[PDB]
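K.L.:
part one of the complex, untouched from its place in the assembly:
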Amino acid sequence: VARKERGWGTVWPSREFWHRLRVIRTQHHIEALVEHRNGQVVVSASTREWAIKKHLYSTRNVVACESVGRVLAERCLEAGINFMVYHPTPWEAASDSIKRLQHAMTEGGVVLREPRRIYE
Amino acid sequence: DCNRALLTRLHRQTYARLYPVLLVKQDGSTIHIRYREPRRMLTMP
Amino acid sequence: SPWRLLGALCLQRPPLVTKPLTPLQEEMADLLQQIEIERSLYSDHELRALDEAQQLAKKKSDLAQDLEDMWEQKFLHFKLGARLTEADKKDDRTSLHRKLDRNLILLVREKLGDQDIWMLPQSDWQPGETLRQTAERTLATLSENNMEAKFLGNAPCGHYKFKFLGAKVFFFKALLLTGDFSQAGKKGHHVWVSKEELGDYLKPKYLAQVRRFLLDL
Amino acid sequence: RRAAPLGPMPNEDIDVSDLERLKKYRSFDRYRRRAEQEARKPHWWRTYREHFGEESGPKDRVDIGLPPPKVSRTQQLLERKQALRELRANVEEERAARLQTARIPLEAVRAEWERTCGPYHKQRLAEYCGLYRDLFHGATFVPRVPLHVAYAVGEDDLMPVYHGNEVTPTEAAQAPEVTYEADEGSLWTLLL
Amino acid sequence: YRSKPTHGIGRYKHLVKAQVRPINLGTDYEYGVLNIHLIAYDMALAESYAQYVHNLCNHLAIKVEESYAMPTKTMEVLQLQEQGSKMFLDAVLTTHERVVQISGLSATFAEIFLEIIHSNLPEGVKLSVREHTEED
């Protein structure tokens, strides 16, 4: 029932959402954050994190993206948030690492594409 | 430093078979030309 | 503060023949061969080899090899120039024909009145002259040889000062096209030398830093 | 009638003279990044953040905590360096990487997480849900000791309470199983 | 808004500009508009060295303006046959040309540059330095 932020729409990405998945790729590490429109990071998984870093190899690999996605799905269910929006770049949508990040996120039980507003 | 760019393949998408050829110009000098014909040597008069 | 004016020269011989390949470069050359021939489209030679190898089997029941063997014998009969004109001699540092693979540089032997000098060839320039002109002049005059050497810039390569007086040694780069050495048996000792050997024969700290602006290859 | 800028103007830094010798980001993405870093700084002009409620903005935090665990920096660093050398050494691992087949033992990562940075994540989730705002009113503590709560839905069924999760009142009809790790000189108080 | 302190915050167009002589001063001496002609018989080789040149320039901050291919010259080589006295036989070759244009230089950078270019010369590669005026 709450208010999303309709607007902008000169600029990008759409700021309309309660929660947004944000995937930053450094030349070294892959960092997946879940954000609130406040900018506040709610729940995240990074490869700089020792928990993930120590189990696996080559922090920048496709493997790492899949991993981080699975971890994040887990932590999201644990946080009580089942929905978020993901707005990738057209060329990021074609890339494998991200396709498999989304797959991990989906099998994890987290739906992208938030439910609509009520009496929007 | 002579071997810097020496190691390469032809990057065009659709191309014939290219085979190593030893080419002697009129020096006494020999060069390596990639040529479609398997012949191991050619020489210019 | 009197200033002693001395031009100087770094004389570069062109590496003639290419070097053999590092093990890694060789394995990589192999890989590039394989992968190049993997994406390759047919061959004319191979069209006429394969199509006829297949069609002759259909003319028996109901060329390429000639060319192959021809080129084999024409290649095998022919013989090539030696890659080593140095180590078959194995002696001469004073031969300009010594090393085909690397670039070579000129050194000279001088014993002066108060001094003992192993010398990267040096010039003496009068204040009215240009460092360039004195470089060229000293080159053609000292070695008693006819040298086509294409110089690069009007700017000098590297500089080293010995202050007793005060003095300057300005080294220039000259790229040797074709030298003609007159009196190949002359007494003045001219040593044509690689990087490692330039490291070896050089006593001074003025000539020790020449391998700093040298091309190591 | 001009006024005078208060403090720095944003692009006033880079030189307009000789634009060709300036490096550009030819990537859309690099730009996006630089822009999002610029959007997080405290500017002197009316901004989105200002009106839209950063929620007290800067706040000095009264901290009622358990004191942070004391661990040696250099020792830890060495140990991790070594572990990663070992893990990077194996050829098996590299095969698992190139061929896109690998898995992470999620239970062990949940373990390490609970041990290491977990407290901080749990903290900011609590801040998100405003636990601290309705409880201690100003105060943030870091949950140093992990708290494991569960409900019995049946004989074989166990419904865990993580931070923020949803649970049905049917499950919660009975008092939950509570677990945490402490030796005993200890005394504790639990509150729902 | 003109009256406000924040005026011209959105101002950009001076940052992006969207709308030949060598300078020889004898002390700061900039000799520009130079043409690098890389000519060789092998396609792959000439392309690889042209590539190396290009990348080298981009790393050295030396500004490259135009990098393009020159029309290939097709050679027909006529070899003498011994049996038939004046009889000719034939073999076909091709000459490939690539071009890299650099817009600026100094004395010291010329001296330095040429060293690296000719040191790294691959076998069967002919190098040329010239001036911007050429006719295609």
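P.N.:
Yep, that arrived. Numbering: from 1, shown residues only, chains lettered A, B, ... in the order given.
K.L.:
now the strands for chain D?
P.N.:
D:148-152, D:158-161, D:177-179 (DSSP state E).
K.L.:
which among the ones you listed is found nearest to chain B?
P.N.:
Smallest distance to chain B across the strands of chain D (C-beta to the nearest C-beta): 56.2 Å, for strand D:158-161. For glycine as for every other residue, the C-beta is placed from the backbone atoms N, C-alpha and C.
K.L.:
which strands and helices lie in contact with the closest one?
P.N.:
Identification of packing neighbours for strand D:158-161 by 3 or more C-beta pairs under 8 Å, 6 or more residues apart in numbering or on different chains; DSSP states H and E yields strand D:148-152.
K.L.:
strand partners (parallel or antiparallel) of the strand it packs on?
P.N.:
Within its sheet, strand D:148-152 is paired with strand D:158-161 (antiparallel), strand D:177-179 (antiparallel), according to DSSP bridges.
K.L.:
which one, of these, ends up nearest to residue E:129?
P.N.:
Nearest to residue E:129, of all these, is strand D:158-161, at 74.6 Å by C-beta to C-beta.
K.L.:
relative to the whole chain's centre, how far out is that closest one?
P.N.:
How far strand D:158-161 lies from its chain's middle: 23 Å, per C-alpha atoms, centre = their mean, to the nearest Å.
K.L.:
can I get the strands of chain D in a markdown table including mean neighbour count?
P.N.:
Shown next, in a markdown table, are those (neighbours: other C-beta atoms under 10 Å in any protein chain shown):
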| stretch | mean neighbour count |
| --- | --- |
| strand D:148-152 | 16 |
| strand D:158-161 | 15 |
| strand D:177-179 | 12 |
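K.L.:
can you slot in chain F too:
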Amino acid sequence: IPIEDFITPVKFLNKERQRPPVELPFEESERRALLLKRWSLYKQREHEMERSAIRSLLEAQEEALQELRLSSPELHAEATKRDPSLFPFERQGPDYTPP
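P.N.:
That brings us to chain F, laid onto the chains above:
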């Protein structure tokens, strides 16, 4: 008046059928990939010593030219200018067999 050779000739169209198979085991695949990574490390170190080399050369240029300016100003009047001798610089690459 531009005519490029980048175009694919007409001869090459229908003779395509000559090279259909390519297959590798675990061996050739893993070998080639490992070799490639190795090669990248190598090429990197190579570019590094290359750049460090030209940098040391340029530093010799700094010390040199600055020494000559500090001694005689007339000499960086002379030698800081670029000579007309550099216009048609031509150099031939090494060969396999000496003449």
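K.L.:
what residues does chain C have near chain E?
P.N.:
C:18, C:103, C:152-155, C:157, C:173, C:175, C:215, C:217 (C-beta under 8 Å from any C-beta of the partner chain).
K.L.:
apply 7 Å and report the result again.
P.N.:
Residues of chain C lying close to chain E (C-beta under 7 Å from any C-beta of the partner chain) are C:18, C:152-155, C:173, C:215, C:217.
K.L.:
of the residues you listed, closest to residue F:32?
P.N.:
residue C:18 (25.8 Å).
K.L.:
please name the nearest non-neighbouring residue to residue E:98.
P.N.:
residue E:50 (4.0 Å; C-beta to C-beta, 6 or more residues apart in numbering or on different chains).
K.L.:
so which helix or strand takes in that neighbour?
P.N.:
Per DSSP states H and E, residue E:50 falls inside helix E:43-59.
K.L.:
next: residue B:7.
P.N.:
Counting by DSSP H and E, residue B:7 is part of no helix or strand.
K.L.:
distance from the helix or strand harbouring residue F:35 to the middle of the chain?
P.N.:
Applying DSSP H and E as the criterion places residue F:35 in helix F:26-71. Its chain's average C-alpha position is 11 Å from that of helix F:26-71, according to C-alpha atoms, centre = their mean.
K.L.:
could you report the neighbour count for residue D:23?
P.N.:
6 (other C-beta atoms under 10 Å in any protein chain shown).
K.L.:
add RNA strand G to the structure above:
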RNA sequence: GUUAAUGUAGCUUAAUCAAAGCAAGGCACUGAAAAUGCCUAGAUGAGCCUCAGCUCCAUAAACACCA
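P.N.:
Let me put RNA strand G in with the others:
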């Protein structure tokens, strides 16, 4: 041998979750670059100590020196 400083990866982070970001490389893609995709290597100057201190080494900047 003397004074003002230092020794983080090529330049700049952090050193209470943590050695971070950017350059820079390879291969694939189109003619070259560029973008993009899949990949690659990396550091707290070295020796002990207390749980910042003592030296060494080396650079750098001067001076002295040496030729």
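K.L.:
take what packs on strand D:158-161 again, RNA strand G included.
P.N.:
With contacts taken as 3 or more C-beta pairs under 7 Å, 6 or more residues apart in numbering or on different chains; DSSP states H and E, strand D:158-161 sits against strand D:148-152.
K.L.:
so does stretch D:126-135 get close to RNA strand G?
P.N.:
No - using C-beta under 7 Å from any atom of the strand, no contact is recorded between stretch D:126-135 and RNA strand G, whose separation bottoms out at 11.2 Å.
K.L.:
do any residues in stretch D:51-70 lie close to RNA strand G?
P.N.:
Yes - judged by C-beta under 7 Å from any atom of the strand, stretch D:51-70 comes into contact with RNA strand G at D:68-70.
K.L.:
can I get that stretch in CSV, CA atoms only?
P.N.:
What follows is stretch D:51-70, C-alpha atoms only, in CSV (Å, rounded to 0.1, in the frame of the first residue of the first chain):
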residue,chain,number,x,y,z
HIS,D,51,14.3,17.7,1.5
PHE,D,52,13.7,14.0,1.3
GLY,D,53,14.7,13.0,4.8
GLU,D,54,18.1,11.4,5.3
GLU,D,55,16.5,10.8,8.8
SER,D,56,18.4,13.1,11.1
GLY,D,57,21.3,13.2,8.7
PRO,D,58,24.5,13.2,10.8
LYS,D,59,23.8,11.6,14.2
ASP,D,60,26.3,11.0,17.1
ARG,D,61,25.4,7.5,18.3
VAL,D,62,25.1,6.8,22.0
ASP,D,63,26.4,3.3,22.0
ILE,D,64,25.4,0.7,24.6
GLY,D,65,27.4,-2.2,23.4
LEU,D,66,29.4,-5.3,24.2
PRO,D,67,33.0,-4.3,23.6
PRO,D,68,34.4,-5.4,20.2
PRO,D,69,36.4,-8.7,20.2
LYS,D,70,40.1,-8.0,20.2
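K.L.:
fine by me, we can end here.
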